[PDB]
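Q: Just passing along the structure, written as structure tokens.
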Amino acid sequence: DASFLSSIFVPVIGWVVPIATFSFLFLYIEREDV
Amino acid sequence: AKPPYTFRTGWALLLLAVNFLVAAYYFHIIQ
Amino acid sequence: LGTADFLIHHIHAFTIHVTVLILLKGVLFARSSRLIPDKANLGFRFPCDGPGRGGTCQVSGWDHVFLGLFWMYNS
Amino acid sequence: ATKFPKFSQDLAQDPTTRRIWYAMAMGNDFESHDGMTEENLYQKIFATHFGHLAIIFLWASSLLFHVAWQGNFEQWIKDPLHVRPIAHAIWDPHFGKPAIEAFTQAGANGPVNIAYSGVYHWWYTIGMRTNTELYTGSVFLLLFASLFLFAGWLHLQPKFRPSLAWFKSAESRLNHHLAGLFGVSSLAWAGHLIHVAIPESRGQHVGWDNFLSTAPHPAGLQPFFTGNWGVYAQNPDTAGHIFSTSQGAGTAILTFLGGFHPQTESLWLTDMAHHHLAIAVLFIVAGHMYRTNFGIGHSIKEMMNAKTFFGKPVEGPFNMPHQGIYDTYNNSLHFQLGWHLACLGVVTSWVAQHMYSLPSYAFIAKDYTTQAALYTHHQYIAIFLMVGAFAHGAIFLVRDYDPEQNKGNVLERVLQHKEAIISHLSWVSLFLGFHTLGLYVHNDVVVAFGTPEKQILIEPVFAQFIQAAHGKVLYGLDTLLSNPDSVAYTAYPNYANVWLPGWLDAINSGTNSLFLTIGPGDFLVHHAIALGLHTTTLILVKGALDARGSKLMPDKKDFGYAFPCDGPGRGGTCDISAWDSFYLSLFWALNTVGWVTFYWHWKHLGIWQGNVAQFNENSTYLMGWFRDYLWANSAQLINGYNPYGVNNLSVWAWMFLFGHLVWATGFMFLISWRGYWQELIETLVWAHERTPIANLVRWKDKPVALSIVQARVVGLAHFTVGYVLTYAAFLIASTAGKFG
Amino acid sequence: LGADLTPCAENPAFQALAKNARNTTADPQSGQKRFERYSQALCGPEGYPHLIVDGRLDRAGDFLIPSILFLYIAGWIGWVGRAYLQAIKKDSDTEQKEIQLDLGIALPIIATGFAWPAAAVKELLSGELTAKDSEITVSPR
Amino acid sequence: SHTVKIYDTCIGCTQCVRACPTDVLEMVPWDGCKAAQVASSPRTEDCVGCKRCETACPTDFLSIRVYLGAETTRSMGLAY
Amino acid sequence: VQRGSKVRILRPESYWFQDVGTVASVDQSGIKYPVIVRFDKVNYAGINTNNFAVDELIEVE
Amino acid sequence: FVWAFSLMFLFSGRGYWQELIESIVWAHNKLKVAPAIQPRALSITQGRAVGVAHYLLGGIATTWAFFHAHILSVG
Amino acid sequence: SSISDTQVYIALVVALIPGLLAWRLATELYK
Amino acid sequence: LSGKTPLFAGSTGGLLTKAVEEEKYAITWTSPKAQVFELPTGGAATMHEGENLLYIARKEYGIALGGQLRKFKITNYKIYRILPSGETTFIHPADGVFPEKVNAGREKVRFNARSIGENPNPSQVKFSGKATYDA
Ligand code: CLA
Ligand code: CLA
Ligand code: CLA
Ligand code: CLA
Ligand code: CLA
Ligand SMILES: CC1=C(/C=C/C(C)=C/C=C/C(C)=C/C=C/C=C(C)/C=C/C=C(C)/C=C/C2=C(C)CCCC2(C)C)C(C)(C)CCC1
Ligand SMILES: CC1=C(/C=C/C(C)=C/C=C/C(C)=C\C=C\C=C(C)\C=C\C=C(C)\C=C\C2=C(C)CCCC2(C)C)C(C)(C)CCC1
Ligand SMILES: CC1=C(C/C=C(\C)CCC[C@H](C)CCC[C@H](C)CCCC(C)C)C(=O)c2ccccc2C1=O
Ligand code: SF4
Ligand code: SF4
């Protein structure tokens with residue numbers, strides 16, 4: 001009955017992890033601090 | 001150096017003799 | 001003529017326009033670009049102008065004919 | 001510097017997109033970072049190994065957790081020859097209802113993927129029987145990866161960073177790796193086999209809750225310490241033993257039978273236990289050879305530099321000068337990395353060659369698609385490791401090699417005549433290629449003109465001799481083990497070749513893949529394989545030995561390993577760097593492995609159907625390969641989806657087309673070169689800066705075309721991803737549409 | 001020998017192929033004479049003659065005779081080319097004589113080239129076959 | 001920038017200075033050759049890296065070398 | 001080193017390293033590479049002459 | 001075959017080929033068979049020209065043989 | 001058929017441990 | 001700077017946003033007569049009789065333009081670097097003499113007092129700031 005975990009993890013791994021990862025890395029590679 | 005080349009032709013002759021031994025087992029000369 | 005014919009005629013439009021892009025780019029930029037100003041001193045047919053300016057391989061008009069032969073083939 | 005990447009002040013001052021791309025490509029080259037010392041180099045490498053090792057153990061935990069939770073392992077134990085193993089479940093919101101119906105398979109409840117890696121056969125062989133055991137294995141591997149992650153964190157803290165002398169203390173690491181990491185691990189694996197896997201195969205449960213009580217053999221350690229070791233070999237499993245049941249079951253734990261278990265068609269477990277015990281004793285003894293803190297043992301440095309042979313002066317070991325090779329190995333991380341990649345690539349090919357012909361896991365010899373997937377997987381991994389072996393030989397020669405500390409030794413002698421080596425690899429390459437191609441074209445024309453009896457067909461008489469010396473009676477050669485009157489056959493003095501009846505029973509079955517019958521189709525393909533090996537070696541060896549300099553660029557070591565060219569002058573110098581031989585040789589390595597896996601697959605696909613005659617009659621000319629292997633076997637693949645519907649091969653059809661697309665996208669980066677794209681991007685910059693509302697935004701980093709080396713990288717990456725995915729889609733789908 | 005090599009004259013698949021033989025030339029019995037000549041080879045179960053190249057004298061015509069024949073003709077060609085390049089390196093413009101052949105130099109050389117093994121052995125023993133490793137160019141190590 | 005080096009096998013034939021499209025090179029006085037002049041590269045910040053100087057150099061195995069390095073706006077040849 | 005002599009190049013970076021060329025002229029002004037050698041082989045730049053030092057030469061007569 | 005053989009010329013450059021010719025010219029200098037017309041790898045432009053000529057020749061001859069053998073059989 | 005839900009949740013909570021340890025190793029390797 | 005901008009109807013090839021933000025260049029020359037030349041950005045323009053002033057995106061544009069002003073026998077062309085601070089520096093020729101000619105007062109820069117096969121090995125200079133070409 002733990003098959004509901006896929007409807008959380010696959011949209012997380014497909015949208016939330018890419019958006020957060022790319023947003024951090026975009027702001028990081030364009031920053032002039034570090 | 002060594003114009004007879006005795007160390008490197010000893011091992012070349014040994015490898016070729018092992019080759020001839022395998023071929024002697026191939027052509028049914030031995031056994 | 002139907003949807004498959006619509007699709008393939010736009011494939012044709014695409015592949016001709018890309019071939020025209022390559023060949024027209026080679027004709028309009030045969031003498032100069034922003035990158036290499038004295039390109040017409042180097043000739044029509046020359047390989048490059050060295051690895052500098054980032055790398056300037058296949059800038060000649062000949063090289064555009066080269067690259068456009070493949071897209072002509074594709075089309 | 002003051003901006004990403006922080007390891008390169010030269011890249012961080014680049015105002016273009018090239019900053020980002022070369023940051024991504026140089027992040028793992030620790031040596032080229034700003035202010036790298038040698039000690040900090042080895043400390044960082046040592047902690048990243050713990051990280052990578054944790055990545056491996058988290059991967060294995062994924063396999064176990066997903067089979068334990070989503071697979072059908074407990075349903076697969078009951079009938080391994082018929083139930084399809086489930087890899088994992090599919091949650092895709094993109095599927096329509098007929099795709100969900102097509103992928104609801106293997107008796108599962110929703111859409112699932114069929115497993116092709118063979119881990120059910122492996123886990124079943126080693127004693128696992130329930131989903132709970134797979135689950136505790138995966139949780140264990142999570143904690144084990146946690147232990148390596150903490151250890152890698154810990155050895156970066158300032159009191160725990162190991163000194164540079166600790167990293168170069170080679171003889172201690174050899175004693176520990178040979179004795180510990182090989183021998184204790186092998187001895188413990190013999191212990192698992194004997195305590196767990198042999199009783200589970202004989203029907204008796206042994207777990208963590210009863211292994212301190214149940215003895216593996218009824219006699220105990222009493223025969224071991226008394227030296228009556230043959231007690232452990234008495235009463236083996238019979239020829240009517242059924243796996244994981246009690247009928248036909250013996251009590252032996254250490255046999256030397258040979259051949260295969262007749263039900264599961266794989267090697268005997270007591271033979272493997274005895275293998276790992278004897279292997280462990282060998283490696284533990286070998287781990288006492290070298291000198292450490294305790295006075296006894298060998299000094300490898302002294303063994304290199306030695307100049308006397310019982311008072312007679314020699315150049316060195318085998319009269320060959322090895323002075324400075326100890327330092328050349330021990331001081332250069334690229335020498336060690338290229339050397340280990342070579343050894344590991346040989347071992348990966350050797351693993352690949354044995355797991356189809358001498359399989360170990362129960363019933364995997366009848367799971368044909370996993371046999372194809374495993375052999376093709378390890379042969380691709382092997383060719384990549386060999387390309388990297390030579391690539392780090394070339395990086396070693398550029399960066400780490402000084403001729404003054406290798407003065408007069410064997411490596412300098414190799415460098416002194418590199419033209420002879422390269423021209424002889426060229427001779428062997430042309431010699432194989434001309435004749436193997438012309439032979440195929442002879443046979444192909446002659447079959448085309450309707451007279452196929454004029455084919456040049458050559459028996460592989462020497463490899464058929466080797467099969468005959470191994471005891472295969474089919475050729476009728478009456479040599480070493482096929483001759484029952486031979487001294488090899490009877491083993492005359494001792495007569496202790498106790499493996500020989502089981503080995504001869506397996507090799508003369510004709511129902512397995514143990515030394516398959518070969519003929520003239522096997523001959524020509526082995527010479528094509530020799531061609532591919534020799535040409536890939538030619539490119540790699542030539543790039544290594546010319547990495548320092550050549551006549552066209554005498555100062556190539558001043559530019560390093562990877563640089564675009566030396567410009568248009570001196571005739572033109574495209575692909576002159578040592579990196580460019582890596583580039584050019586990945587094509588020949590992929591080609592070579594494509595020839596070997598096409599050959600493996602088409603021969604076995606003949607055997608698996610009962611039609612060896614198709615291969616034996618049609619592989620002597622190239623249209624037989626084309627028609628009967630590429631055309632004939634791709635039929636069911638490209639019908640994975642069609643205008644009428646969809647079946648379970650539609651992922652592999654979609655992947656097949658995908659791989660064609662990635663492979664062909666490569667050719668753009670390989671054929672069109674940089675200055676075209678740079679002139680095109682300049683007009684895109686004009687168009688963006690002259691367009692209204694799009695004027696409101698623009699770039700912080702200036703758009704440029706990819707660099708010359710970058711484009712070679714991207715094109716080769718596309719080429720090989722498309723190569724791998726196209727072949728893996730075809731291999732899986734063509735085998736599994738025929739056999740499941 | 002290996003993998004079901006019967007003689008061609010006894011193989012039923014060879015006898016079945018010989019009945020449907022195609023004519024190679026304009027001779028109406030090229031196929032029959034082809035199978036009569038091939039009847040003494042060894043034969044797979046598909047009917048096709050397999051060749052044995054291990055060097056036994058029962059099968060010398062499979063590979064040993066063509067080996068001697070090729071190596072003689074190839075040594076002829078290579079020795080004549082070496083003799084021509086060595087003969088023209090003294091005649092005051094060598095590169096022009098490589099695209100425009102001196103027939104008065106080349107044709108006596110191609111007539112002389114029948115005895116290339118004796119000439120090659122006399123070239124070998126006198127130290128004239130090879131140049132020294134210090135005499136010819138190399139690249140920095 | 002890139003780095004343009006000059007070695008003492010220079011014969012001062014001025015051809016690299018004529019080949020340069022960005023005025024990196026110049027001829028300075030010397031006593032090491034018959035022409036009594038070397039090449040020198042004071043403006044290497046303007047080096048695009050195109051290696052016309054090395055193509056122009058006549059001495060066998062060049063008296064001038066360009067070592068490509070950190071890329072700037074000038075060395076990438078960008079007009080934007 | 002005399003004009004007309006057949007020298008052999010000892011310069012390892014040279015195209016004609018361990019090859020035989022002919023001396024064209026030798027300067028006496030004390031420059032670093034005084035000897036001009038002409039070759040029958042052109043290099044990759046199409047040039048068959050180069051300045052050499054005396055230490056980079058051995059005479060072949 | 002001719003199509004695939006084009007890709008050796010398209011994907012490579014001439015520094016590799018000139019450096020391989022150096023070792024082969026060594027083996028000819030060793031046996032006194034080096035030609036006075038010195039062997040050079042093809043120029044960058046010629047390598048591109050040969051590559052596109054074989055790519056076009058191979059691809060068009062493939063479609064030629066395909067079209068001929070299908071339409072002489074079904075039509 | 002499969003494993004229970006509680007075992008899945010225990011495996012996820014245990015996988016929080018090498019995730020935190022991998023974050024700490026990756027940030028320490030960065031400096 | 002002084003000079004008349006040459007007569008042409010404009011192009012898309014001219015100065016972009018780099019001119020107002022980091023760097024701009026200019027070439028001046030004096031011509032004996034009005035005559036047609038070719039712009040580095042593409043196109044035909046007419047130079048004026050007398051002094052001229054044409055702005056360019058890169059230094060290489062002015063060196064290509066001054067290379068084709070040699071063909072009209074105009075050899076007094078000067079190139080200026082122009083920063084957005086208004087700071088104009090005179091770059092070519094920098095000495096006043098064209099660099100093909102030797103002028104005194106010029107010092108050697110980046111000369112190596114050795115031949116090029118006498119550079120150190122990269123392993124001999126490893127883990128330090130120096131390269132093999134550096135002195
Ligand atoms: C007995 C003591 C001992 C042990 C067990 C180890 C173990 C290890 N050391 Mg270590 N080391 C030791 C002492 C020891 N060391 C000492 C004393 C020193 C100092 C002189 C070092 C210095 C040292 C350094 C500097 C490094 C290591 C590294 C490693 C790791 C090697 C990589 C690996 O996992 O290979 C695993 C190897 C095996 C399992 C055996 C070989 C595998 C073969 C080739 C495969 C074939 C077997 C079989 C057929 C396959 C079955 C497959 C099937 C199950 C699927 C490993 C964890 C490296 C590392 O990763 O550190 C984090 C590293 O860089 N060691
Ligand atoms: C034990 C294994 C091992 C180790 C430790 C190293 C270590 C190293 N190698 Mg190396 N190498 C290896 C194996 C290894 N290699 C193998 C097997 C090969 C043959 C392929 C090579 C070939 C090689 C070359 C040619 C070079 C290195 C370089 C390097 C150094 C830097 C790597 C770097 O920063 O690249 C950064 C890494 C990346 C940017 C990752 C590239 C990503 C690739 C293309 C995979 C992409 C696949 C893609 C995601 C698939 C998606 C498909 C999907 C759509 C389905 C580093 C010292 C380089 C160096 O600096 O040496 C001086 C260098 O020039 N190696
Ligand atoms: C089908 C494609 C193909 C073919 C045939 C070859 C053939 C060859 N490559 Mg390869 N190559 C290819 C693709 C191919 N390559 C690709 C895609 C790459 C990646 C860029 C490379 C990269 C590469 C490198 C980097 C190297 C080679 C090498 C070689 C040679 C290996 C020696 C050999 O087998 O001799 C056999 C010769 C042949 C098979 C070709 C001759 C064909 C017939 C016999 C000639 C008859 C022609 C006929 C008379 C018609 C006349 C034409 C007229 C009518 C117009 C050979 C010339 C190596 C080399 O030079 O070795 C010395 C080497 O270093 N190649
Ligand atoms: C299969 C191989 C292949 C492909 C895909 C391309 C693709 C392209 N080439 Mg090309 N090229 C190739 C081979 C190929 N080439 C070869 C072999 C050569 C050698 C001669 C060249 C030489 C060449 C030149 C000289 C030129 C091009 C141009 C172009 C572009 C055409 C215009 C355009 O944008 O179309 C649109 C793009 C496509 C149709 C590509 C497919 C896009 C997919 C269908 C959509 C994306 C899917 C999805 C949303 C992605 C999500 C991913 C996920 C991670 C979320 C395009 C990027 C021209 C160009 O740049 O003009 C603008 C141009 O001038 N190419
Ligand atoms: C005078 C003719 C001649 C001779 C004696 C040799 C001799 C040799 N060549 Mg060769 N070669 C030649 C011409 C010749 N070459 C030409 C014209 C080419 C350009 C195609 C090459 C290209 C070549 C390569 C690429 C390689 C050799 C290699 C070799 C060596 C091994 C044998 C071999 O691989 O042959 C193979 C040679 C060929 C396939 C070339 C074809 C030969 C032509 C068709 C015959 C030439 C005859 C001549 C034109 C007639 C003039 C006669 C006069 C009366 C006018 C050997 C020293 C190999 C080596 O270094 O190994 C150590 C090697 O890798 N050769
Ligand atoms: C059959 C048999 C046998 C035998 C075996 C053998 C003897 C084997 C061997 C094998 C071998 C013998 C192998 C080989 C391999 C090797 C390789 C593969 C190598 C390579 C390497 C590399 C890659 C290198 C690199 C480099 C360079 C290039 C430079 C410098 C650095 C280096 C060194 C790193 C016996 C008796 C047991 C028994 C019976 C069976
Ligand atoms: C018997 C037999 C066999 C075997 C074989 C063998 C194994 C051999 C080997 C051999 C060898 C291993 C050889 C080697 C050699 C080497 C060398 C060293 C060479 C050299 C050469 C030369 C030098 C040449 C010269 C010339 C001439 C003479 C003429 C022309 C020109 C030239 C120059 C080319 C077989 C099975 C196949 C078949 C059957 C029989
Ligand atoms: C393979 C390859 C070569 C090697 C090819 C060469 C050197 C030319 C091919 C050899 C010619 C065909 C040999 C001709 C020799 C004689 C004319 C043969 C005479 C024989 C008689 C019987 C006629 C390049 O030079 C090259 C250059 C630039 C980019 C890519 C490549 C490239 O891919
Ligand atoms: S790689 Fe490009 S820039 Fe370099 S020599 Fe070749 S064509 Fe020219
Ligand atoms: S690389 Fe180009 S810009 Fe630099 S000095 Fe040479 S010719 Fe001038």
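To be explicit about the labels: the chains of the structure tokens are called A, B, and onward in the order shown, and within each one the residues are counted from 1, while ligands get numbers from 1 in the order they are shown.
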Quick one: residues within 7 Å of ligand 8, with only C-alpha atoms and all ligand atoms, as a list in words?

A: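 Counting only what the definition allows, namely only C-alpha atoms and all ligand atoms, the set is residues 8, 9, 10, 12, 13, 14, 17, 18, 40, 41, 42, 43, 44, 46, 47 and 48 of chain H.
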
Q: Env of stretch 116-127 of chain J: 6 Å cut, atoms = only C-alpha atoms, seq-sep filter 4 positions within chain, self excluded. Answer as a list in words.

A: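 Near neighbours after the sequence-gap exclusion: residues 399, 400 and 402 of chain D; 13 of chain G; 132 of chain J.
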
Q: What would the file look like if the residues just selected were written as a PDB file, in the first residue's frame with C-alpha atoms?

A:
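Saved result, selection.pdb, follows:
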ATOM      1  CA  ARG D 399      52.785  15.395 -17.940  1.00  0.00           C
ATOM      2  CA  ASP D 400      54.622  13.097 -15.565  1.00  0.00           C
ATOM      3  CA  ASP D 402      60.939  12.907 -17.289  1.00  0.00           C
TER       4      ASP D 402
ATOM      5  CA  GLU G  13      63.916  19.642 -33.153  1.00  0.00           C
TER       6      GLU G  13
ATOM      7  CA  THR J 132      57.919  25.371 -19.804  1.00  0.00           C
TER       8      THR J 132
END

Q: Report as number ranges by chain which protein, DNA and RNA residues come within 9 Å of ligand 4, using only C-alpha atoms and all ligand atoms.

A: C: 14-15, 17-22, 25, 64, 66-71; D: 660-673, 676-677, 680; H: 52

Q: Dump N, CA, C and O atoms for the selected residues as a short mmCIF file (atom, residue, chain, number, x, y, z; two decimals), in the first residue's frame?

A:
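Resulting contents of result_1.cif:
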data_model
loop_
_atom_site.label_atom_id
_atom_site.label_comp_id
_atom_site.auth_asym_id
_atom_site.auth_seq_id
_atom_site.Cartn_x
_atom_site.Cartn_y
_atom_site.Cartn_z
N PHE C 14 11.68 23.05 -44.91
CA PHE C 14 12.75 23.11 -43.92
C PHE C 14 14.12 22.79 -44.50
O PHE C 14 15.09 23.52 -44.27
N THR C 15 14.23 21.68 -45.22
CA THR C 15 15.55 21.25 -45.65
C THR C 15 16.10 22.13 -46.77
O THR C 15 17.31 22.41 -46.78
N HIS C 17 15.34 25.45 -46.96
CA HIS C 17 15.71 26.69 -46.27
C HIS C 17 17.01 26.56 -45.51
O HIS C 17 17.76 27.54 -45.43
N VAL C 18 17.31 25.38 -44.96
CA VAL C 18 18.58 25.21 -44.26
C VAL C 18 19.74 25.20 -45.25
O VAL C 18 20.76 25.86 -45.03
N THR C 19 19.57 24.47 -46.37
CA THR C 19 20.56 24.51 -47.45
C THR C 19 20.79 25.93 -47.97
O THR C 19 21.93 26.35 -48.16
N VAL C 20 19.71 26.71 -48.11
CA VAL C 20 19.82 28.10 -48.54
C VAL C 20 20.52 28.94 -47.49
O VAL C 20 21.33 29.80 -47.82
N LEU C 21 20.28 28.64 -46.20
CA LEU C 21 20.98 29.33 -45.12
C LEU C 21 22.48 29.14 -45.21
O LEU C 21 23.24 30.12 -45.18
N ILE C 22 22.92 27.90 -45.40
CA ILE C 22 24.34 27.59 -45.48
C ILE C 22 24.99 28.24 -46.70
O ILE C 22 26.03 28.90 -46.59
N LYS C 25 24.74 32.17 -46.57
CA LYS C 25 25.69 32.62 -45.56
C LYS C 25 27.11 32.59 -46.10
O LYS C 25 27.88 33.52 -45.88
N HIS C 64 31.47 26.51 -46.79
CA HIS C 64 30.01 26.58 -46.84
C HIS C 64 29.44 25.75 -47.97
O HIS C 64 28.38 25.15 -47.81
N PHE C 66 30.86 23.01 -48.95
CA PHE C 66 31.07 21.72 -48.32
C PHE C 66 29.91 21.35 -47.39
O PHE C 66 29.29 20.31 -47.55
N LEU C 67 29.60 22.23 -46.44
CA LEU C 67 28.53 21.96 -45.49
C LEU C 67 27.16 21.94 -46.17
O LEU C 67 26.27 21.23 -45.70
N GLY C 68 26.97 22.69 -47.25
CA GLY C 68 25.70 22.71 -47.94
C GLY C 68 25.44 21.54 -48.85
O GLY C 68 24.28 21.26 -49.16
N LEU C 69 26.50 20.86 -49.30
CA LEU C 69 26.34 19.62 -50.05
C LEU C 69 25.65 18.53 -49.24
O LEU C 69 24.83 17.78 -49.79
N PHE C 70 25.92 18.46 -47.94
CA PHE C 70 25.24 17.50 -47.08
C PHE C 70 23.77 17.83 -46.92
O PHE C 70 22.94 16.93 -46.90
N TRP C 71 23.44 19.10 -46.71
CA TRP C 71 22.04 19.46 -46.58
C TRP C 71 21.28 19.35 -47.89
O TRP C 71 20.11 18.99 -47.88
N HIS D 660 19.41 6.12 -33.03
CA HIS D 660 19.70 6.66 -34.36
C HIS D 660 19.77 8.18 -34.36
O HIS D 660 20.65 8.77 -35.00
N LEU D 661 18.89 8.83 -33.61
CA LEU D 661 18.88 10.29 -33.58
C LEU D 661 20.11 10.86 -32.86
O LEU D 661 20.72 11.81 -33.35
N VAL D 662 20.49 10.29 -31.71
CA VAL D 662 21.65 10.77 -30.96
C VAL D 662 22.94 10.53 -31.74
O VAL D 662 23.81 11.41 -31.82
N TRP D 663 23.05 9.35 -32.37
CA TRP D 663 24.21 9.01 -33.18
C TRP D 663 24.36 9.96 -34.35
O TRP D 663 25.47 10.38 -34.68
N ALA D 664 23.25 10.31 -34.98
CA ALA D 664 23.35 11.19 -36.14
C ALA D 664 23.54 12.65 -35.75
O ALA D 664 24.14 13.41 -36.50
N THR D 665 23.02 13.05 -34.58
CA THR D 665 23.30 14.38 -34.04
C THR D 665 24.78 14.55 -33.77
O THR D 665 25.30 15.66 -33.89
N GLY D 666 25.47 13.46 -33.42
CA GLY D 666 26.92 13.47 -33.37
C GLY D 666 27.62 13.95 -34.62
O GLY D 666 28.58 14.72 -34.53
N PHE D 667 27.13 13.54 -35.79
CA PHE D 667 27.81 13.86 -37.04
C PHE D 667 27.85 15.36 -37.33
O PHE D 667 28.76 15.82 -38.02
N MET D 668 26.87 16.11 -36.83
CA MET D 668 26.92 17.57 -36.91
C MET D 668 28.15 18.13 -36.22
O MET D 668 28.87 18.94 -36.80
N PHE D 669 28.44 17.66 -35.01
CA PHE D 669 29.61 18.14 -34.29
C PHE D 669 30.90 17.57 -34.84
O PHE D 669 31.95 18.17 -34.65
N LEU D 670 30.83 16.45 -35.54
CA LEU D 670 32.05 15.87 -36.07
C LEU D 670 32.44 16.44 -37.44
O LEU D 670 33.63 16.49 -37.75
N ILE D 671 31.47 16.87 -38.24
CA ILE D 671 31.71 17.28 -39.62
C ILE D 671 31.76 18.80 -39.78
O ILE D 671 32.68 19.34 -40.38
N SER D 672 30.77 19.51 -39.26
CA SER D 672 30.80 20.96 -39.29
C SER D 672 31.69 21.45 -38.17
O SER D 672 31.62 20.93 -37.06
N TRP D 673 32.60 22.35 -38.47
CA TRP D 673 33.55 22.78 -37.46
C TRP D 673 33.27 24.25 -37.11
O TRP D 673 32.25 24.80 -37.53
N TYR D 676 32.12 28.40 -38.85
CA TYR D 676 30.74 28.47 -39.34
C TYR D 676 29.78 28.89 -38.23
O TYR D 676 29.05 29.88 -38.35
N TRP D 677 29.79 28.12 -37.14
CA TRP D 677 28.87 28.36 -36.04
C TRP D 677 29.14 29.68 -35.34
O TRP D 677 28.20 30.33 -34.90
N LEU D 680 27.63 32.34 -37.40
CA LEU D 680 26.17 32.30 -37.29
C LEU D 680 25.67 32.89 -35.97
O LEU D 680 24.67 33.61 -35.93
N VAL H 52 33.31 14.60 -48.37
CA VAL H 52 31.98 14.88 -48.88
C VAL H 52 31.74 14.13 -50.20
O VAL H 52 30.62 13.70 -50.45
#

Q: I need the residues in stretch 10-75 of chain C that are helix (DSSP H, G or I) according to DSSP; give them as a PyMOL selection string.

A: chain C and resi 10-28+39-42+61-74

Q: Can you check which parts of chain J lie within 8 Å of chain C? Per residue, the shortest pair of atoms and distance in Å to one decimal, counting only C-alpha atoms, sorted by chain and number, as CSV.

A:
residue,atom,partner,partner_atom,distance
J:13,CA,C:34,CA,7.3
J:40,CA,C:37,CA,5.4
J:41,CA,C:34,CA,6.8
J:42,CA,C:32,CA,6.5
J:60,CA,C:37,CA,7.3
J:61,CA,C:37,CA,6.0
J:64,CA,C:38,CA,5.9
